[PDB]
Novice: 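Here's a structure for you.
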Number of protein chains: 2
Amino acid sequence: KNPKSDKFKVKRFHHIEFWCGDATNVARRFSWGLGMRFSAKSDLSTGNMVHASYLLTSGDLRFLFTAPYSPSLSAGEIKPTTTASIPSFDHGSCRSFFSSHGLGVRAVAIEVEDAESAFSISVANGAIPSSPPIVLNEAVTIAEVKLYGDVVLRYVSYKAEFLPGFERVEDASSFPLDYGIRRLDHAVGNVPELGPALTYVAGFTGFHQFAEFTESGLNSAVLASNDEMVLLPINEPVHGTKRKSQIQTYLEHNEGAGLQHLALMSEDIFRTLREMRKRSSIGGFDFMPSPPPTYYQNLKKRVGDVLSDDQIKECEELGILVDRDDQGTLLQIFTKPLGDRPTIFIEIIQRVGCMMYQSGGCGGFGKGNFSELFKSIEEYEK
Amino acid sequence: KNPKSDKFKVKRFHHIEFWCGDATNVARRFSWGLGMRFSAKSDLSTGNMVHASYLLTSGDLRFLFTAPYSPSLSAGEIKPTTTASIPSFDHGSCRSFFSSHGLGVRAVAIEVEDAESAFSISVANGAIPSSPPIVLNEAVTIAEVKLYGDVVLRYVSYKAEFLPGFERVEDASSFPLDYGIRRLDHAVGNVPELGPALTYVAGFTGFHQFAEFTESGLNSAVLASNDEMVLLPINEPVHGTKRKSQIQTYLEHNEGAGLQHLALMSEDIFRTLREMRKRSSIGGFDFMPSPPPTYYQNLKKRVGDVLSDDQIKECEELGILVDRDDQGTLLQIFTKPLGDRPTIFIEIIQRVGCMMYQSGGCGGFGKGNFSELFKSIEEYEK
Ligand SMILES: CCCCCn1ccc2c(C(=O)Nc3nnnn3C)ccnc21
Ligand SMILES: CCCCCn1ccc2c(C(=O)Nc3nnnn3C)ccnc21
Ligand SMILES: [Co+2]
Ligand SMILES: [Co+2]
């Protein structure tokens with residue numbers, strides 16, 4: 001059941017912002033590893049004396065990488081006179097975030113009808129303000145509230161081309177990489193306690209529970225906007241298990257709550273994973289270990305309806321996971337952590353079914369793969 | 001004249017250590033961009049709870065990228081019980097370095113006969129101690145003194161395979177990239193005052209002046225070991241010029257003195273630059289703007305002895321600079337800055353001449369290219 005209870009008009013995921021120590025090196029690694037184009041910049045060359053910000057795009061997916069310059073470059077500025085293109089940026093907050101968490105997502109940004117209204121309604125409904133609404137060049141409004149840990153939910157609204165003060169990247173520097181990724185499907189937080197986290201976020205957004213999960217080491221639940229295109233799962237650890245909770249491992253290495261993974265939808269997950277796997281050892285991203293061939297021997301018994309044995313053969317080569325709802329089927333795979341710490345990682349997914357356009361969350365989030373991978377591992381020892 | 005006055009036995013450049021916020025992303029970017037192999041690691045997976053360190057190699061060139069983990073992972077350790085593999089590492093020093101300078105070189109490491117003797121003699125001769133000699137697994141001794149700014153000169157000596165506690169990288173993760181780079185040729189510091197800097201470094205090493213330079217915006221001089229294989233140039237700015245000194249720009253954006261560039265010798269600079277230029281826009285390194293065709297039209301008049309017109313044609317395609325000594329010829333090119341700030345960059349070089357092996361510094365360091373590039377620019381306006 002979908003009570004359609006959003007307290008303000010939400011459209012789509014807009015962008016994800018990473019706070020880095022060096023935005024250049026992270027952005028170039030991600031660009032090559034994920035096949036994203038360099039599409040906009042705000043930095044010294046555009047007159048920004050405060051922060052360096054580089055935008056990568058693939059389809060509708062927008063990854064922003066930001067790092068501070070020396071505060072000495074902008075010591076004479078005040079907020080009214082700032083050369084920053086993102087007004088919520090703060091040297092001290094950014095350095096504190098990165099020193100505490102390492103490389104990670106600072107902002108999950110959603111496009112709304114009216115960012116000032118969204119901020120006002122959010123705060124009136126319990127949200128903790130982070131950055132008040134600010135109008136950029138009478139064209140875009142941006143506002144931020146706290147989501148979990150040091151991650152903020154960022155509202156962006158446009159009157160009528162990322163942000164004012166960002167310049168389009170010249171095509172000689174913008175190589176048209178594309179491995180098939182097209183949009184952000186969901187963004188998942190890890191927190192120490194799920195109940196209070198859900199009550200807080202659902203409280204100021206009005207997002208409704210879409211799904212929920214629960215020996216796997218976690219409990220989780222998914223918050224969703226009215227049309228269920230903005231999906232915000234949250235995990236908490238389950239203590240006492242023989243194998244230690246990876247949610248707890250995350251919290252320890254991340255120094256508390258934060259964004260656990262970003263799921264990126266591909267229009268052709270086989271092409272995406274072929275392209276990403278070719279680059280894993282030459283600057284790209286590594287993938288989690290493949291499931292045993294038992295898992296794929298069982299796959300015919302569960303999705304032989306949807307995938308040909310040739311297409312299942314291809315899943316086995318690429319190490320792709322498959323799960324199935326009563327409503328749709330999900331193809332998914334997980335990278336190893338994106339940086340030094342065993343914290344944030346990326347999920348590549350593709351959904352089949354729920355045609356009306358495709359409805360959000362078609363096929364779920366892969367809950368069934370906990371059991372079937374444990375079963376497949378038991379069957380391999382044989 | 002070479003007074004051969006080293007106060008201790010110096011062998012060769014051993015490695016360069018970068019202090020990063022995320023070693024993973026910088027190391028993968030550098031590996032792809034420069035064609036270096038992932039060859040050793042010390043991190044969580046090897047039991048290091050303190051820092052993540054990844055070693056890249058090409059020929060004899062060794063680039064080390066290190067970042068701190070959360071201090072909470074190692075809060076119960078003390079120096080006698082540390083899981084760090086580099087004993088000079090300190091969470092606070094590393095975070096302070098990176099927050100102040102951004103991505104940069106922390107250590108210029110040279111292999112010596114006896115690192116404890118080298119440290120003792122250095123300090124007895126005015127060096128500022130940074131990390132006392134420490135014996136690792138009765139196999140390697142490491143010690144550090146201050147060089148300039150927050151950069152240290154690191155001594156390493158081996159009794160009889162990077163460092164103890166580092167593990168060789170498994171070949172499945174170690175892709176054998178190689179674009180022709182073979183060793184570090186020289187490493188250059190920028191300081192506010194050259195005299196005191198030279199007096200300090202030459203004082204504790206006994207390195208002798210190899211060369212010196214001086215409207216270009218700087219004054220410089222080169223310190224060299226007995227056989228002139230360890231070359232340590234130092235630059236200071238020249239104020240008042242119409243165009244602002246890039247040495248001064250460095251000092252402002254770096255928050256003081258530091259390492260300006262690393263010159264990497266290639267066994268085939270044409271292959272190296274073809275390979276690096278192919279990757280500039282897909283995660284690698286960008287190069288400084290090419291000199292005008294006038295520069296190459298003049299090149300026949302100065303090195304037509306050494307390079308065929310076909311080989312000069314190839315320099316023009318790749319944007320390679322050429323300078324010439326009375327003793328040898330130098331091919332060189334410069335990258336754009338390696339990170340967000342206009343601070344550290346890389347030079348690719350190849351030397352021809354001075355065959356005995358090749359003697360160090362053959363062809364100089366390119367001083368003649370200041371005039372000839374200014375001349376070539378004047379001739380292009382035509
Ligand atoms: C034993 C590992 C085998 C794969 C099990 N496995 C299945 C899904 C999944 C997610 C994930 O994608 N979780 C999510 N995404 N949105 N909501 N949630 C809760 C993250 C980490 N391991 C996962
Ligand atoms: C106007 C720019 C045209 C190139 C002029 N140009 C010639 C050499 C050079 C170095 C360099 O390599 N300097 C060095 N290396 N070792 N010692 N020194 C002093 C660094 C930056 N621009 C340089
Ligand atoms: Co997921
Ligand atoms: Co040089």
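Read the numbers this way: they start at 1 and go in the same order the structure lists the ligands and their atoms. All chains are named by letter (A, B, ...) in the order of the sequence lines, taking the proteins before the strands, and each is independently numbered beginning at 1. Worth knowing before you read on, the calculation uses all heavy atoms, side chains too, and leaves out hydrogens, waters and symmetry mates.
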Novice: Side chains of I247(B) and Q260(B): does their closest heavy-atom pair fall under 4.5 Å?
Specialist: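 When only atoms from C-beta onward are counted, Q260(B) and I247(B) do touch, with a gap below 4.5 Å.
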
Novice: In terms of atom number and element, which parts of ligand 2 are under 4.0 angstrom from non-hydrogen atoms of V188(B)?
Specialist: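 Heavy-atom distances to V188(B) below 4.0 Å select 15 (N), 16 (N).
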
Novice: Check each atom of ligand 2 against the heavy atoms of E347(B) and keep those under 4.0 Å away; list them by number with element.
Specialist: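 In order of numbering, the contacting atoms are 12 (O).
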
Novice: Restricting to N, O or S atoms of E347(B), which is nearest to the Co ion (ligand 4)?
Specialist: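 The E347(B) atom nearest to the Co ion (ligand 4), restricting to N, O or S, is OE1.
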
Novice: Heavy atom to atom 19 (C) of ligand 2, shortest distance: which of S220(B), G364(B), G189(B), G368(B) holds it?
Specialist: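 Nearest heavy atom to atom 19 (C) of ligand 2 lies in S220(B).
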
Novice: Which is closest to atom 13 (N) of ligand 2 in terms of heavy atoms, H261(B), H186(B), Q246(B), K367(B)?
Specialist: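 Considering heavy atoms of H261(B), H186(B), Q246(B), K367(B), the nearest to atom 13 (N) of ligand 2 sits in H261(B).
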
Novice: Does only the side chain of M288(B) get under 4.0 Å from ligand 2, or the backbone, or both, or neither? Count heavy atoms.
Specialist: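 Neither; no heavy atom under 4.0 Å.
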
Novice: If you count the atoms of ligand 2 from 1 in the order shown, which ones are under 4.0 Å from a heavy atom of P233(B)?
Specialist: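 Near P233(B), the atoms of ligand 2 are 16 (N), 17 (N).
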
Novice: Hey, does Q350(B) have a side-chain heavy atom less than 4.5 Å from the side chain of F270(B)?
Specialist: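 No - every pair of side-chain heavy atoms lies 4.5 Å or more apart.
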
Novice: Take the angle between the ring planes of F345(A) and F334(A) and call it parallel below 30°, perpendicular above 60°, tilted in between.
Specialist: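 Geometry flag for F334(A) against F345(A): perpendicular rings.
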
Novice: Among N219(B), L373(B), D323(B), which residue places a heavy atom closest to atom 3 (C) of ligand 2?
Specialist: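 It is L373(B) that holds the nearest heavy atom.
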
Novice: Hey, is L218(B) touching ligand 2 through its side chain, its backbone, both or neither, going by heavy atoms under 4.0 Å?
Specialist: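 Neither; no heavy atom under 4.0 Å.
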
Novice: Pull out every atom of ligand 2 sitting under 4.0 Å from any heavy atom of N235(B), numbered as shown with elements.
Specialist: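 Answer, ordered by atom number: 19 (C).
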
Novice: Just which atoms of ligand 2 are under 4.0 Å from any heavy atom in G366(B)?
Specialist: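 It comes down to these atoms of ligand 2: 7 (C), 8 (C).
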
Novice: For a side chain to side chain contact (heavy atoms under 4.5 Å, CB included) check, start with the C-alpha distance between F13(A) and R183(A), then their side-chain angles and the critical distance, and finish with the verdict.
Specialist: CA-CA 8 Å; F13(A) 277 127; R183(A) 68 178 184 97; 5.8 Å; no

Novice: Given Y295(B), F210(B), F365(B), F334(B), identify the one with the heavy atom nearest to atom 10 (C) of ligand 2.
Specialist: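 Comparing heavy atoms across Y295(B), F210(B), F365(B), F334(B), the nearest one to atom 10 (C) of ligand 2 lies in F334(B).
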
Novice: Less than 3.5 Å apart, any donor N or O on the side chain of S280(B) or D286(B) sitting next to an acceptor on the other?
Specialist: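 On atom types as modelled, these side chains do not qualify, holding no pair under 3.5 Å.
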
Novice: Would you mind reporting whether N190(B) and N254(B) have side-chain heavy atoms less than 4.5 Å apart?
Specialist: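 A side-chain contact under 4.5 Å is absent here.
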
Novice: Which residue is it: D227(B), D60(B), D185(B)? I am looking for the one with a salt bridge (charged side-chain N to carboxylate O under 4.0 Å, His left out) to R12(B).
Specialist: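 The salt bridge (charged side-chain N to carboxylate O under 4.0 Å, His left out) with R12(B) is passed solely by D227(B) among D227(B), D60(B), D185(B).
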
Novice: Is the shortest side-chain N to carboxylate O distance from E252(B) to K244(B) below 4.0 Å?
Specialist: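 Between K244(B) and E252(B) there is a salt bridge, with a charged N closer than 4.0 Å to a carboxylate O.
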
